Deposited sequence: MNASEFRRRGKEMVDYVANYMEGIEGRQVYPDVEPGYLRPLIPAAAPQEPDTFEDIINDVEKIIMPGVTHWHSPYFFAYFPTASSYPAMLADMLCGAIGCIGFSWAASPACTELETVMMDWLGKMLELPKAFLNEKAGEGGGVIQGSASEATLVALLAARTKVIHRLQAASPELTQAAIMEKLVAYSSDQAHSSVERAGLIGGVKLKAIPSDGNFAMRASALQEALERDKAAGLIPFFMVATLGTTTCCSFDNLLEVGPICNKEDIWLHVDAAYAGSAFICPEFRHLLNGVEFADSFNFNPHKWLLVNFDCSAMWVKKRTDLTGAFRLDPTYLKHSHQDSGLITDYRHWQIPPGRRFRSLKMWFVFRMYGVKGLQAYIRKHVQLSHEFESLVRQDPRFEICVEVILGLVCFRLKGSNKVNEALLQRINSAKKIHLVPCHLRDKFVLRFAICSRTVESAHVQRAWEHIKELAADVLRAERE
């Protein structure tokens, strides 16, 4: 295809995408296909001659869409939101023409330059401590990573390299491997699986810190674990504190664990992949207090700040401890929405979260398990885990809305996450009515 035909087909695809988005409430949010559905519907080999664009788009509607989970449907309340905004989409189109690979500054200067400025824009929007900013010859700075999982891995490897060099300087008699089997990393028992993944990749031990009644990491639990592990010969070197846990959106207490990590010379990485976006609002910035103690901080604009994946924003206090023109998406989103537009987006989602919480709190058959702070509500029917497993199965099997659960200690808990860019109060109210009706069916069945 040449540019003249792209002029036609590109505008046709713009209309197709806009049509899909405008009619997305008519789509069943979760598909009815079963594993392996697609292979019988597609030829076994690539075509030798070209297919037509019309044939391909027809296949998207007929055989791709039936297997799509519509993350941007207003009735998608699962996991955490995925960012999709038209400003980011417009930037991605330009990236296909002027993006490259960005491994060096000379690969394309604009790519590296814009990223440095955009991370300063975002760092100032979050009112981050100035030690994290690229700006005004600060020793710190930010980079865009592909994912929070990658950012956590990068922080662990930087911490691993630093502690090996430190221990070898103190005792030149030590090899890297002898240090390796004594290193231990820490995280909450509510930490995302990416922490364990990073520990396995890095080849170090990982231990979970028991959380308190609010599922937060506290000084007393951390000090108890350090006392045990240091006596056993382990060397704490890395810590992932989480602001906005994937299970219940709880917050580790940075004001308590930060000073401890600094004292112990433990690299403190703050994983705020979801919750970090809300810290651009002054009423939520207090949830980030204590980040001044962290050695690295990370959150995903590609969850809840409307910058289409991939865009994971990581700041490090000292850059010396440490691609797709992904900063173009950030630039577009920040400029076409403005800081106030992004703040209104965050606040609407949090308002809608409290609206669902209000409905659950009106039904004494249910209970709220964790304090509602951002766009997540953790709730369950009072009683057995099995009645709640039945409720979740009935919900996801009806495929009108989509939820995922979690385990809080031994308790099976349902999650309600505000996700879609276009979700409204009516969608939240309808979802609750659906959940309430199915709960009556499930409660009926348990007593009969």
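Unmodelled region of the deposited chain sequence (numbering from residue 1): 323-354 only.
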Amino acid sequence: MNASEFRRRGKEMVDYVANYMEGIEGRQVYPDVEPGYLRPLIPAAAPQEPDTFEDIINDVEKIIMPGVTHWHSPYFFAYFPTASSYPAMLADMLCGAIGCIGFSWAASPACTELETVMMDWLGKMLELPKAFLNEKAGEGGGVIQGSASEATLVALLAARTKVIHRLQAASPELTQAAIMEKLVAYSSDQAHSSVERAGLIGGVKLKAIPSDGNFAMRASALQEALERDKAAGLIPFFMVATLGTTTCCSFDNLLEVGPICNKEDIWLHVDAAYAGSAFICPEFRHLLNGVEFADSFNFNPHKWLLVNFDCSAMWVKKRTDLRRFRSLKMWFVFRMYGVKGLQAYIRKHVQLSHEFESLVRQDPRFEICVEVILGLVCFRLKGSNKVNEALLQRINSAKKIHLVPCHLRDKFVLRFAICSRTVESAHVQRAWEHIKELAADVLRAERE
From here on, numbers count along this sequence of modelled residues.
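In this text, rigid core is short for the largest set of C-alphas that superpose within 1.5 Å between two forms.
Between 280-288 and 86-94, the larger root mean square Cα shift in 5 other deposited structures of this protein, once each structure is superposed on the rigid core, falls on 86-94. Superposing each structure in 5 other deposited structures of this protein on the rigid core shows that the farther-lying of 144-152 and 77-85, by root-mean-square Cα distance, is 77-85.
Legend: mean Cα B-factor per stretch from the PDB entry, 366-374 versus 172-180; the higher mean is in 172-180.
Taking only CA atoms, the mean B-factor in the PDB entry is higher for 132-140 than for the other of 132-140 and 90-98. Remark: of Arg319, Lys340, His354, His302, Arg319 shows the highest value [criterion: C-alpha B-factor in the PDB entry]. Within the group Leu408, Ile64, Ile418, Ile57, the record's highest C-alpha temperature factor is found at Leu408.
The entry lists a Cα temperature factor for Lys436 that places it in the highest third of the chain's modelled residues. When the modelled residues of the chain are ordered by their C-alpha B factor, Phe334 lands in the lowest third. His192: CA B factor in the lowest third of modelled residues in this chain (values from the PDB entry).
Per the PDB record, residue ranking by Cα B-factor puts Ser108 in the highest third of the chain. Placement of the Cα temperature factor of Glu224 within the chain: highest third of the modelled residues, per the deposited record.
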